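Here's a solo chain for you in structure tokens, the form deposited in one PDB entry.
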């Protein structure tokens, strides 16, 4: 309610948005340069580049949308909720693919069929990225048609829109949570199974990986929870607290982006 709180949260939002943008653009530049020079990239790098462009575009869309909404300045492109929704689905799918890729690479299984499928993921990983993009488009199409019917109207339509949006968000999240959980299970099983074969550097690396996975899981599940509360904002806090809620959400996304900053091998190798 007080205007000082609003202006403070708005300055912190603009700083978070700008740091997200510069972070993502730096990833775009460095990883695109490496991909152009080498003409090949490890799958973590392709995932990071796709998620970087997704984060950049999502943050730009969020800034435009929030500014148009709070300033009540109507414009042709200010209201772009469908772009934000599609780009949120894109970043969710890319994060799920990142966790599944961690899953496949870190796991040291020796099954012939499992390893078969493994090298097929490593070889066809850009095709998996294209598949993620196209499933994002297919899943966001119901959201687009819901927005079209709601703007034509401007009940059952509202419930259909809610169901479509929440299923769109939660489908990648189930995969992400399952992959993260099984990766934690495997790493902790390896930690506990060691006996008389202590490897202090290796257990240190395993503990560091487990901590990084915990940070990523907590941050991303908090982001999913806050976007879900927003999706239920009709029955929850009124968006009048726009600046504080947006600052919360994009502080979560800033922590996610910084974690993936520190998780990028090419960036640390180059720097």
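Only the largest set of C-alpha atoms that superpose within 1.5 Å between the two forms is called the rigid core. Positions refer to the first chain, counted from 1.
Below, we turn to the form deposited in another entry, even though it does not appear here.
- No residue of 82, 135, 178, 115 other than 115 has its CA displaced by 2 Å or more between the shown form and the other one when the core is superposed.
- Once both forms are fitted on their core, a CA shift of 2 Å or more is seen for residue 234 between the shown form and the other one.
- Cα-Cα spacing of residue 238 to residue 243 is reduced in the other form versus the present form (difference of at least 3 Å).
- Whereas the shown form places them at one spacing, the Cα atoms of residue 243 and residue 236 lie at least 3 Å closer in the other form.
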